[PDB]
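*Asks:* Can you read through this structure? Questions will come right after.
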Amino acid sequence: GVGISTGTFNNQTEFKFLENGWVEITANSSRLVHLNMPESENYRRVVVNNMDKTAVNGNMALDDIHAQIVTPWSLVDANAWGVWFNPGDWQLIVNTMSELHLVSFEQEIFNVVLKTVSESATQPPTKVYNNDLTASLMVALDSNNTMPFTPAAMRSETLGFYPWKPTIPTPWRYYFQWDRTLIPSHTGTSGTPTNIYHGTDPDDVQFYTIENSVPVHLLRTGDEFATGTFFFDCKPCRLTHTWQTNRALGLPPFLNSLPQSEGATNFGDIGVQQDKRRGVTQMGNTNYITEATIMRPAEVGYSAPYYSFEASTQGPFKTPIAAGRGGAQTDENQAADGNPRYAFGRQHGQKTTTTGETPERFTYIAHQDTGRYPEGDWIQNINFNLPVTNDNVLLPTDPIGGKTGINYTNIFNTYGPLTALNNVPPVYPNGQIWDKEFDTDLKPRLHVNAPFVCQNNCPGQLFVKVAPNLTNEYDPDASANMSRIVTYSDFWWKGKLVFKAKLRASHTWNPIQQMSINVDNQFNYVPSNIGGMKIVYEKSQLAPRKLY
Amino acid sequence: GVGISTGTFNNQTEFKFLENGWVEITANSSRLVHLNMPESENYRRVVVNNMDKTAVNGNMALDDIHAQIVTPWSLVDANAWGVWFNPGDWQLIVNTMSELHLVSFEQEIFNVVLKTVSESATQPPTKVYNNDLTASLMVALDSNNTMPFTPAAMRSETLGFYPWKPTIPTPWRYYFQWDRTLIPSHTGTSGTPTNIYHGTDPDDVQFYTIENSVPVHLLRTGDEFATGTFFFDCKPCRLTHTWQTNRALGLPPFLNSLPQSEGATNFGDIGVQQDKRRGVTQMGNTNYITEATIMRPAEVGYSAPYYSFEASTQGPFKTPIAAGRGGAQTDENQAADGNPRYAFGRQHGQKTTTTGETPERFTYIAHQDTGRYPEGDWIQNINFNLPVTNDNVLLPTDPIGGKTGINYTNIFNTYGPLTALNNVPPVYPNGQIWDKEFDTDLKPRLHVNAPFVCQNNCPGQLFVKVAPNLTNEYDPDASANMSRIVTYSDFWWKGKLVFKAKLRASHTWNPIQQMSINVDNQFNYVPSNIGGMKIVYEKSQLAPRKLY
Amino acid sequence: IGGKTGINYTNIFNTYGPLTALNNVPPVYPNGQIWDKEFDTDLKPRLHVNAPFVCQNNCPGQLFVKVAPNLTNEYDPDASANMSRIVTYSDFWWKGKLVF
Amino acid sequence: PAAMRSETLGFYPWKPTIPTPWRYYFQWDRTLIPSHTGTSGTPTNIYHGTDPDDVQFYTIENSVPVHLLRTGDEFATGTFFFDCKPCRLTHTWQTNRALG
Amino acid sequence: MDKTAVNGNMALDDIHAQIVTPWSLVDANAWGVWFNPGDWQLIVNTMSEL
Amino acid sequence: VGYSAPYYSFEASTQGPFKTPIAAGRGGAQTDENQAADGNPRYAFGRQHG
Amino acid sequence: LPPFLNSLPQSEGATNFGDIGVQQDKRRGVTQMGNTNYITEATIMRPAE
């Protein structure tokens, strides 16, 4: 009814321990969503063109030319870790569990309130907000996944992370087809390369509308819309990292001489010469069996061509890399490729009382040792004389193509049938939870943006829009814009995400690295005297696991 | 039989998760115990007298005069935390659980081996060790608790903490009655005070023997002795600490002025004068309602007379204190009373390859804020004029009895019917697990040495002794010592301690302090290149809990 | 005591013992508290000095109330300023029932 | 408990009342050395800060289910049942000088 | 701290830290909420335990 | 019956000084409003509460 | 548990005493003095009073 509520606020996460060390995690989340009427009631087709920026030779990485369809609908997106967990629940899950399953997902909309602004133009020009009890909110649930899938976590435009703060939805848009061609150059190149935007191929035109595809529900004040329960079928995401490289697989060599005194410089020693040892190598012309030459079962990780831009029908793009380097060799100073860098605003983890429009940034360096250190690689000739000569090695200090800043590791690629690698780790709080698999014949082995991939079907997207509120003067045969009453809405969203985890067990004599609070990160978890909150990122794969 | 084994080595700890968030922890432990034949086969009554040490005036804290009965039996004692858990299992229990129950306890002895040394006196004088298949080992289990209860963890004489290292049992002894009287003095006292050892009261003489009290089992090589399962009935031991003092109980005052800018120096302010506020105090002649004067429901902790030696029938002793101070005010520099100090050797956590006979020491500072800071206490007159006068306060800088190093906090005592306090926390690895309740009419509310107190009955003590191996020449009517064959033994001990714990839950937005490994304590959990191991102490009450 | 003429030994005296008998606190009309919560500690106090009844295992839960946010048309969560709301208040009726 | 700050509901049934703005204590560390009037120098009057081992930040939203009430709505707590010792309405007069 | 900076006034300490929440509390834990002086006179004069 | 407590005794701890609570104070023929005592509570309140 | 005696008497008499063969600052056990290495019979921790 008019003065009857249709739902209940709930933002609790529960832990229900089953038998055999399985625990059912059910995270609830509720928000207050503020929605304005759209700027235009029509679908647009806008072409973005920053050709003045890439007209300077060398700046071809800054390309932004694309085409998109601007729709009057808005999207409610809750596909991020920080929507469902606070740092206490995340510390509990990360420290106590070993693997994670994704079970189900629901959402609903209740307690709709529509108000109209009537700006009484005084000399202090005021505005009185009145309830419009007969206005409607239009809600479309794309359960068959007919619309193009747009995850909002990649643009940092999901729901907010604080339960006591009102949030906004994202204006929806999708990509339209275009053709462009950009020839690269460098600073000090004679002439201008081709920088051409061709247009649209008629064989690839797809124009989607919400009205022709999805049934749209009209919600007044006493109405309530509830999505049913979707059920996932996914692979488990493991909360442990591996440390073993190719240099630490299998049986170590037997030491015939052990140290007799304590110290960091009392080393052990194999008492056999390198040309008198036993074991298997893969060098048919070499009697040396060392730690770098001994045969391993497979290879962990691979080398990829890093900072490689590939061009296609719609312009250049960067090549994605599955796992980057990180650990004792690389810091914030030592720049690497493969580690993602997140940017976000005050709604998603930045300090709420900060000044300026510069976002907050961090680079996520994972714990799994599956990367490569490109400054220590080399090729050598198959003759394999051990004091190697100048013209028999390919070093990373040798120029490729005459360019002194390019070596062979920039174009190297060692992916093969012996390559083993790991899935991507979850990133709290800004990371995505699930993702959709590509509708192609040969599917990729992993995604670099989400730990779960719903294979057959994913949860349908939820669209929302304020219904048009017309005035007395309205002529559809006139070419001008539709004149509407200034209306906005407030509704309550409530979701429920259910997981399933397994409690970890101790295997070693020594303790394990855990997530804790100390004197350094103390004031990152409490509000300030004004109420400024923030959410700093936390690691997810803390405990180690033996690979082999 | 002779060539048949009678048991299985087991040193695994299991975690069996039940329903409703309860987990059954079952710790197994196994050792190899090395036992020699006793020095004498008789019971002795030895009186220890260090009267030359306390003959100097002022050293009366160094009293060691007592009397004891030296028995030829040895004790197998496994009442310590480090016998049952490694640091990985302790990290799991401390980080994941909230309370701890003690359920049952078993032990057994198997695979007995008795050998005789026959020293063939050559010029390199050798010794050949021969199996004596008909020798016996005597095992007595005092299941009715007839012998006096002696816990070996208070003298650091339990079993070892490493499963791959052979251990020894403790030679048993108990206290005999004596009477002594020592009058204290100081350096520069005219004359000598009374330093007299009187003797034994005949009303209090108790001489216990193992043979007249306990049935003794004789074990040959094919024999095996197994204690049954004892079942505890105890209160649960909680793995969370409290932080709330008397200054943080109840509703805070309402602030009429909040800060407008961020900073450590933008304070809030109650906008009411101290003589115009509302609330309840306990001062009938004072209109001031401040944070120190406002009525609280009860009192947390108490003041005790610290470093107070009390004298009785058998000499002076220190007064035990339940909870000492510790935290932001006290460090290793700022000495305190109430916090225990442990000393131990290479078998119990010291570095195994260290040099010297100086033991390893640490002071255990707990996390629970239930102590007192004696430098900030004061008494004042009941007239309560607020700028207080010199002769109306009792300060800790005022001398008591004319002594400049003694103030009133050394003789103060504020235990009352309003005092609330907490049980003692477990100390890993050197701390005791269970303790026996006193057989008196009015029992103490807690013990300062063990978190569990078995009230009605405790597990019985296990005594062990090599049976006498006589030679051909033996005359009992001759006053000389019995001549025996030099014999020793090796047997395997195996115990099983079962607990019950409850998994913790998250309640706050912020994370909780956990136990972790880092770059500082990294090499405390791995062996060295010689095999030197150590066990450093770990805290047990890490998470906080609201008191009120 | 200690050379101070305004302090005697009764200010530092304490004669609580195992022979001490004493009474519970009396109710104070009208300003006094009715019930109180027991401390969640291992060794609990024998009485409280502020309420005659102490609910030992559990006490009645507290009741919190708040007016829901009433936003205007201009609202930007990415702006560091304060949320602008419509000035709202409430009136409700409370009704309790205590049985002795 | 709000009775210790004199901030409960009103005592007259025919008079409108207000509720109390909620707040709780956060952890801090401070140290104050006492003195008297006419003491040479200044004692230590230091506010240290917060211990990270004792930080507890509670919110209503993450802990309690919150009901939304419009005009036609009504919220009713169930019946809680106490288990307490009886409070006696008689006093004792006998000292140690009047026993036996 | 300006109040307790004068020597001798250390009973007037008010330094603490608190969390200020936007919620309000309905508290009816007092004797005067439930009884008028007539009912209190009846209970006090006629009864012995409660 | 009853006990003696250290009266107007301020104890200090981690978070500052506080007064020691006393269970029962004196009162009767010897003590009046003039004769100040310790243990008896003192209430302050406003127009809403009496 | 009493302390272990490393030297027992060899003759009978009221003045043939035993002796702990460890110095007072070299013994093991639990005390309640955080600033003292001496473990004597008056300093050693007892369960209650």
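Letters A, B, ... go to the chains of the structure tokens in the order shown; residues in each chain start at 1; ligands are counted from 1 in the same order.
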Can you list every residue of chain F that has an atom at most 12 Å from segment 419-423 of chain B, with its nearest atom pair and the distance in Å to one decimal, using only C-alpha atoms, ordered by chain then number, as a Markdown table?
*Replies:*
| residue | atom | partner | partner_atom | distance |
| --- | --- | --- | --- | --- |
| F:20 | CA | B:419 | CA | 10.1 |
| F:21 | CA | B:419 | CA | 9.4 |
| F:22 | CA | B:419 | CA | 10.5 |
| F:23 | CA | B:419 | CA | 10.8 |
*Asks:* Using the selection just defined, write its residues with N, CA, C and O atoms as an mmCIF file, in the first residue's frame.
*Replies:*
data_model
loop_
_atom_site.group_PDB
_atom_site.id
_atom_site.type_symbol
_atom_site.label_atom_id
_atom_site.label_comp_id
_atom_site.auth_asym_id
_atom_site.auth_seq_id
_atom_site.Cartn_x
_atom_site.Cartn_y
_atom_site.Cartn_z
ATOM 1 N N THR F 20 37.232 4.456 43.602
ATOM 2 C CA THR F 20 36.948 3.082 43.996
ATOM 3 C C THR F 20 35.520 2.973 44.512
ATOM 4 O O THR F 20 35.148 3.710 45.434
ATOM 5 N N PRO F 21 34.697 2.086 43.966
ATOM 6 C CA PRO F 21 33.314 1.969 44.435
ATOM 7 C C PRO F 21 33.219 1.280 45.785
ATOM 8 O O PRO F 21 33.956 0.341 46.089
ATOM 9 N N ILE F 22 32.287 1.767 46.601
ATOM 10 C CA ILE F 22 32.037 1.246 47.940
ATOM 11 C C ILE F 22 30.608 0.727 47.987
ATOM 12 O O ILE F 22 29.688 1.374 47.475
ATOM 13 N N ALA F 23 30.425 -0.446 48.598
ATOM 14 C CA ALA F 23 29.125 -1.110 48.563
ATOM 15 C C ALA F 23 28.110 -0.423 49.468
ATOM 16 O O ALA F 23 26.990 -0.129 49.037
#
*Asks:* Specify as a PyMOL selection string all residues of chain F found within 9 Å of chain E, counting only C-alpha atoms.
*Replies:* chain F and resi 10+15-19+49-50
*Asks:* Considering only C-alpha atoms, return as a PDB file with N, CA, C and O atoms, in the first residue's frame whatever protein or nucleic-acid residues lie within 10 Å of residue 46 of chain E, sequence-local ones (same chain, fewer than 5 positions apart) excluded.
*Replies:*
ATOM      1  N   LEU D  89      12.463  -5.717  50.323  1.00  0.00           N
ATOM      2  CA  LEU D  89      12.033  -4.371  50.668  1.00  0.00           C
ATOM      3  C   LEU D  89      12.077  -4.114  52.167  1.00  0.00           C
ATOM      4  O   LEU D  89      11.321  -3.280  52.672  1.00  0.00           O
TER       5      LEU D  89
ATOM      6  N   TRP E  40       3.866   3.333  44.093  1.00  0.00           N
ATOM      7  CA  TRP E  40       5.097   3.102  44.832  1.00  0.00           C
ATOM      8  C   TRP E  40       4.833   3.036  46.326  1.00  0.00           C
ATOM      9  O   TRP E  40       5.448   2.235  47.034  1.00  0.00           O
ATOM     10  N   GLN E  41       3.908   3.863  46.823  1.00  0.00           N
ATOM     11  CA  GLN E  41       3.536   3.795  48.232  1.00  0.00           C
ATOM     12  C   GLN E  41       2.866   2.469  48.557  1.00  0.00           C
ATOM     13  O   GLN E  41       3.136   1.868  49.601  1.00  0.00           O
TER      14      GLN E  41
END
*Asks:* As a PyMOL selection string, please: the residues near segment 209-213 of chain A (cut-off 12 Å, only C-alpha atoms, same-chain neighbours under 3 positions excluded).
*Replies:* chain A and resi 42-44+69-75+138-148+172-174+206+216-217+461-465
*Asks:* Tell me, in Å to one decimal, how far atom CA of residue 57 of chain A is from atom CA of residue 409 of chain A.
*Replies:*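 A separation of 25.3 Å between them.
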*Asks:* Find the distance between atom CA of residue 12 of chain A and atom CA of residue 424 of chain A and write it in Å to one decimal.
*Replies:*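 So the two atoms, atom CA of residue 12 of chain A and atom CA of residue 424 of chain A, lie 27.6 Å apart.
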*Asks:* Name all residues at most 9 Å from residue 6 of chain E (count only C-alpha atoms; drop same-chain ones fewer than 2 positions away) and give them as a list in words.
*Replies:*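 Near neighbours after the sequence-gap exclusion: residues 387 of chain B; 36, 37 and 42 of chain D; 2, 3, 4, 8, 9 and 10 of chain E.
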*Asks:* Keeping only N, CA and C atoms, write the selected residues as a JSON list (two decimals), in the first residue's frame.
*Replies:*
[["chain", "number", "residue", "atom", "x", "y", "z"],
["B", 387, "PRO", "N", 41.32, 22.46, 44.31],
["B", 387, "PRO", "CA", 42.77, 22.66, 44.38],
["B", 387, "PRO", "C", 43.28, 22.12, 45.71],
["D", 36, "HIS", "N", 49.87, 18.33, 44.14],
["D", 36, "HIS", "CA", 49.10, 19.21, 45.01],
["D", 36, "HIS", "C", 49.49, 20.65, 44.72],
["D", 37, "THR", "N", 48.74, 21.58, 45.30],
["D", 37, "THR", "CA", 49.00, 23.00, 45.12],
["D", 37, "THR", "C", 50.30, 23.40, 45.81],
["D", 42, "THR", "N", 55.99, 20.39, 36.72],
["D", 42, "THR", "CA", 54.74, 19.88, 36.16],
["D", 42, "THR", "C", 54.83, 18.36, 36.05],
["E", 2, "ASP", "N", 43.81, 21.50, 29.76],
["E", 2, "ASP", "CA", 44.01, 22.82, 30.35],
["E", 2, "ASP", "C", 43.47, 22.89, 31.77],
["E", 3, "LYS", "N", 42.46, 22.07, 32.08],
["E", 3, "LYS", "CA", 41.89, 22.05, 33.43],
["E", 3, "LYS", "C", 42.80, 21.33, 34.41],
["E", 4, "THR", "N", 43.34, 20.17, 34.03],
["E", 4, "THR", "CA", 44.23, 19.42, 34.90],
["E", 4, "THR", "C", 45.68, 19.85, 34.79],
["E", 8, "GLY", "N", 46.89, 19.78, 41.41],
["E", 8, "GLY", "CA", 45.92, 19.50, 42.44],
["E", 8, "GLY", "C", 44.53, 19.16, 41.94],
["E", 9, "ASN", "N", 44.21, 19.49, 40.69],
["E", 9, "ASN", "CA", 42.87, 19.30, 40.15],
["E", 9, "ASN", "C", 42.74, 18.00, 39.36],
["E", 10, "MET", "N", 43.43, 16.94, 39.77],
["E", 10, "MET", "CA", 43.49, 15.74, 38.94],
["E", 10, "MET", "C", 42.24, 14.88, 39.10]]
*Asks:* Using only C-alpha atoms and a distance of at most 9 Å, pull out the residues of chain B that contact chain C, as a compact mmCIF listing (two decimals) with N, CA, C and O atoms, in the first residue's frame.
*Replies:*
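Contents of selection11.txt, freshly written:
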# COMPACT_ATOMS: atom_id res chain seq x y z
N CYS B 237 38.22 -22.31 29.09
CA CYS B 237 39.25 -21.28 29.06
C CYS B 237 39.09 -20.45 27.79
O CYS B 237 39.12 -21.00 26.69
N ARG B 238 38.93 -19.15 27.96
CA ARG B 238 38.60 -18.27 26.85
C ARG B 238 39.85 -17.66 26.25
O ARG B 238 40.77 -17.25 26.96
N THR B 242 40.02 -8.82 27.54
CA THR B 242 39.20 -7.63 27.72
C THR B 242 40.08 -6.39 27.83
O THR B 242 41.19 -6.44 28.37
N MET B 295 29.57 7.25 38.73
CA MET B 295 29.40 5.91 39.27
C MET B 295 29.46 4.86 38.17
O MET B 295 28.80 4.98 37.14
N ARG B 296 30.25 3.82 38.41
CA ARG B 296 30.38 2.64 37.56
C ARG B 296 29.71 1.46 38.25
O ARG B 296 29.50 1.50 39.47
N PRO B 297 29.32 0.41 37.51
CA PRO B 297 28.60 -0.70 38.16
C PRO B 297 29.44 -1.50 39.15
O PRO B 297 28.96 -1.84 40.23
N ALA B 298 30.68 -1.81 38.80
CA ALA B 298 31.56 -2.55 39.69
C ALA B 298 32.99 -2.09 39.42
O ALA B 298 33.20 -1.07 38.76
N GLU B 299 33.96 -2.84 39.92
CA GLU B 299 35.37 -2.51 39.72
C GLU B 299 36.06 -3.67 39.02
O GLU B 299 35.82 -4.83 39.35
N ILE B 379 45.06 9.19 47.63
CA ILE B 379 43.95 9.38 48.56
C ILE B 379 43.82 10.87 48.81
O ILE B 379 44.81 11.61 48.75
N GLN B 380 42.60 11.33 49.08
CA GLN B 380 42.44 12.69 49.56
C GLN B 380 41.34 12.75 50.60
O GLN B 380 40.56 11.81 50.76
N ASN B 381 41.30 13.87 51.32
CA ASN B 381 40.37 14.07 52.42
C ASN B 381 38.94 14.15 51.91
O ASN B 381 38.69 14.42 50.74
N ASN B 390 48.68 20.44 50.51
CA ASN B 390 49.80 19.53 50.73
C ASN B 390 49.50 18.47 51.78
O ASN B 390 49.90 17.31 51.64
N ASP B 391 48.78 18.85 52.84
CA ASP B 391 48.49 17.96 53.95
C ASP B 391 47.09 17.37 53.85
O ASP B 391 46.48 16.99 54.85
N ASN B 392 46.56 17.29 52.63
CA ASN B 392 45.24 16.70 52.43
C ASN B 392 45.25 15.60 51.37
O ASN B 392 44.20 15.04 51.07
N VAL B 393 46.42 15.29 50.80
CA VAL B 393 46.54 14.18 49.86
C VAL B 393 47.61 13.22 50.36
O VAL B 393 48.59 13.62 51.00
N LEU B 394 47.43 11.95 50.03
CA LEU B 394 48.45 10.93 50.22
C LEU B 394 48.95 10.55 48.84
O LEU B 394 48.24 9.90 48.07
N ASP B 398 55.10 10.33 49.00
CA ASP B 398 55.16 10.53 50.44
C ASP B 398 55.69 9.27 51.13
O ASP B 398 55.26 8.16 50.83
N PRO B 399 56.63 9.43 52.07
CA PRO B 399 57.24 8.26 52.71
C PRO B 399 56.35 7.65 53.78
O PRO B 399 55.74 8.34 54.60
N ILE B 400 56.28 6.32 53.76
CA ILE B 400 55.53 5.55 54.75
C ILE B 400 56.51 4.99 55.77
O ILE B 400 57.45 4.28 55.41
N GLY B 401 56.29 5.33 57.04
CA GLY B 401 57.17 4.87 58.09
C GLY B 401 58.52 5.54 58.12
O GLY B 401 59.44 5.04 58.76
N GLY B 402 58.66 6.68 57.44
CA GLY B 402 59.94 7.35 57.35
C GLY B 402 60.85 6.85 56.26
O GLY B 402 61.94 7.40 56.08
N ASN B 407 56.10 3.79 49.65
CA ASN B 407 54.91 4.62 49.70
C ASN B 407 53.73 3.74 50.06
O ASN B 407 53.88 2.55 50.34
N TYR B 408 52.53 4.33 50.05
CA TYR B 408 51.36 3.63 50.56
C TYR B 408 50.85 2.57 49.61
O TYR B 408 50.03 1.74 50.01
N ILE B 411 51.55 -1.20 50.60
CA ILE B 411 50.72 -1.83 51.61
C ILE B 411 49.24 -1.69 51.33
O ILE B 411 48.43 -1.99 52.22
N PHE B 412 48.86 -1.26 50.14
CA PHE B 412 47.46 -1.01 49.82
C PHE B 412 46.78 -2.29 49.36
O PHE B 412 47.41 -3.16 48.76
N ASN B 413 45.48 -2.39 49.62
CA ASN B 413 44.71 -3.56 49.22
C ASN B 413 43.26 -3.13 49.03
O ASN B 413 42.63 -2.66 49.98
N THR B 414 42.74 -3.28 47.82
CA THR B 414 41.38 -2.87 47.50
C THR B 414 40.56 -4.02 46.92
O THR B 414 39.73 -3.83 46.04
N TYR B 415 40.79 -5.23 47.41
CA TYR B 415 39.90 -6.32 47.08
C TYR B 415 38.60 -6.16 47.86
O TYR B 415 38.61 -5.82 49.05
N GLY B 416 37.48 -6.39 47.19
CA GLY B 416 36.19 -6.19 47.79
C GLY B 416 35.12 -7.02 47.14
O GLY B 416 35.39 -7.88 46.30
N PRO B 417 33.86 -6.80 47.53
CA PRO B 417 32.76 -7.55 46.92
C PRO B 417 32.36 -7.04 45.55
O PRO B 417 31.52 -7.67 44.90
N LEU B 418 32.94 -5.94 45.09
CA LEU B 418 32.66 -5.38 43.78
C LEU B 418 33.74 -5.71 42.75
O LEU B 418 33.69 -5.20 41.63
N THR B 419 34.70 -6.54 43.11
CA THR B 419 35.85 -6.77 42.25
C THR B 419 35.55 -7.86 41.23
O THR B 419 35.16 -8.97 41.59
N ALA B 420 35.74 -7.54 39.95
CA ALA B 420 35.67 -8.50 38.86
C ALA B 420 37.07 -8.66 38.30
O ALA B 420 37.82 -7.69 38.21
N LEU B 421 37.42 -9.89 37.92
CA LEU B 421 38.72 -10.16 37.34
C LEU B 421 38.63 -11.41 36.48
O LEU B 421 37.62 -12.11 36.47
N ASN B 422 39.71 -11.68 35.75
CA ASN B 422 39.75 -12.72 34.75
C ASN B 422 40.68 -13.85 35.17
O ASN B 422 41.56 -13.68 36.02
N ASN B 423 40.48 -15.01 34.55
CA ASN B 423 41.32 -16.17 34.77
C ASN B 423 42.69 -15.97 34.11
O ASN B 423 42.89 -15.05 33.32
N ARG B 445 39.45 -18.81 44.30
CA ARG B 445 38.63 -18.56 43.12
C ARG B 445 39.37 -18.87 41.83
O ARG B 445 38.72 -19.17 40.82
N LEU B 446 40.70 -18.82 41.83
CA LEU B 446 41.49 -19.13 40.65
C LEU B 446 42.88 -19.55 41.11
O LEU B 446 43.25 -19.38 42.27
N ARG B 545 37.38 -8.64 23.47
CA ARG B 545 36.03 -9.00 23.85
C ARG B 545 35.48 -7.88 24.72
O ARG B 545 36.19 -7.35 25.57
N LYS B 546 34.22 -7.50 24.49
CA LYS B 546 33.62 -6.47 25.32
C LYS B 546 33.22 -7.04 26.67
O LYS B 546 32.62 -8.11 26.76
N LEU B 547 33.59 -6.32 27.72
CA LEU B 547 33.32 -6.74 29.09
C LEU B 547 31.89 -6.44 29.50
O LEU B 547 31.25 -7.23 30.20
N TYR B 548 31.37 -5.31 29.05
CA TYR B 548 30.09 -4.81 29.49
C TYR B 548 29.40 -4.11 28.33
O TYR B 548 28.42 -4.61 27.79
*Asks:* With the cut-off set at 12 Å and counting only C-alpha atoms, tabulate each residue of chain D with an atom at most that distance from an atom of chain B, showing the nearest atom pair and its distance in Å to one decimal, ordered by chain and increasing number, as a Markdown table.
*Replies:*
| residue | atom | partner | partner_atom | distance |
| --- | --- | --- | --- | --- |
| D:1 | CA | B:250 | CA | 6.2 |
| D:2 | CA | B:251 | CA | 6.6 |
| D:3 | CA | B:279 | CA | 7.7 |
| D:4 | CA | B:279 | CA | 5.3 |
| D:5 | CA | B:279 | CA | 4.2 |
| D:6 | CA | B:279 | CA | 5.5 |
| D:7 | CA | B:279 | CA | 8.7 |
| D:8 | CA | B:279 | CA | 11.3 |
| D:20 | CA | B:254 | CA | 9.1 |
| D:21 | CA | B:254 | CA | 7.9 |
| D:22 | CA | B:251 | CA | 8.2 |
| D:23 | CA | B:252 | CA | 6.6 |
| D:24 | CA | B:252 | CA | 6.1 |
| D:25 | CA | B:248 | CA | 5.9 |
| D:26 | CA | B:248 | CA | 7.9 |
| D:27 | CA | B:243 | CA | 7.8 |
| D:28 | CA | B:248 | CA | 9.4 |
| D:29 | CA | B:328 | CA | 7.2 |
| D:30 | CA | B:328 | CA | 8.9 |
| D:31 | CA | B:376 | CA | 7.6 |
| D:32 | CA | B:376 | CA | 6.2 |
| D:33 | CA | B:376 | CA | 4.9 |
| D:34 | CA | B:376 | CA | 6.1 |
| D:35 | CA | B:395 | CA | 7.3 |
| D:36 | CA | B:388 | CA | 5.4 |
| D:37 | CA | B:389 | CA | 5.5 |
| D:38 | CA | B:390 | CA | 7.5 |
| D:39 | CA | B:390 | CA | 8.6 |
| D:43 | CA | B:376 | CA | 10.4 |
| D:44 | CA | B:376 | CA | 10.0 |
| D:45 | CA | B:376 | CA | 10.7 |
| D:46 | CA | B:329 | CA | 10.9 |
| D:47 | CA | B:328 | CA | 10.9 |
| D:48 | CA | B:328 | CA | 8.0 |
| D:49 | CA | B:328 | CA | 9.2 |
| D:50 | CA | B:328 | CA | 9.4 |
| D:51 | CA | B:328 | CA | 7.8 |
| D:52 | CA | B:513 | CA | 7.6 |
| D:53 | CA | B:513 | CA | 5.8 |
| D:54 | CA | B:544 | CA | 5.8 |
| D:55 | CA | B:510 | CA | 7.6 |
| D:56 | CA | B:508 | CA | 6.0 |
| D:57 | CA | B:508 | CA | 5.4 |
| D:58 | CA | B:508 | CA | 5.1 |
| D:59 | CA | B:509 | CA | 7.3 |
| D:60 | CA | B:508 | CA | 10.1 |
| D:61 | CA | B:509 | CA | 10.4 |
| D:62 | CA | B:509 | CA | 7.9 |
| D:63 | CA | B:507 | CA | 7.2 |
| D:64 | CA | B:507 | CA | 10.7 |
*Asks:* Quick one: residues within 8 Å of residue 65 of chain C, only C-alpha atoms counted, chain neighbours fewer than 3 positions away excluded, as number ranges by chain?
*Replies:* E: 23-26
*Asks:* Give me, as a list in words, the contact residues of chain F against chain D at a cut-off of 12 Å, counting only C-alpha atoms.
*Replies:*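 So the residues of chain F near chain D are residues 1, 2, 3, 10, 11, 12, 13, 14, 15, 16, 17, 18, 27, 28, 41, 42, 43, 44, 45, 46, 47, 48, 49 and 50 of chain F.
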*Asks:* Looking only at the backbone, which of the residues in chain D does DSSP tag as helix (DSSP H, G or I), as number ranges by chain?
*Replies:* D: 2-4, 52-54, 60-63, 96-98
*Asks:* Write out as JSON, numbers by chain all residues of segment 211-455 of chain B that backbone DSSP assigns to strand (DSSP E or B).
*Replies:* {"B": [216, 217, 218, 219, 225, 226, 230, 231, 237, 238, 240, 241, 242, 257, 269, 279, 280, 281, 282, 283, 294, 299, 300, 309, 310, 311, 312, 315, 316, 317, 318, 337, 338, 339, 340, 341, 342, 343, 344, 360, 361, 362, 363, 378, 379, 380, 393, 394, 400, 403, 419, 420, 421, 428, 434, 435, 436, 452, 453, 454]}
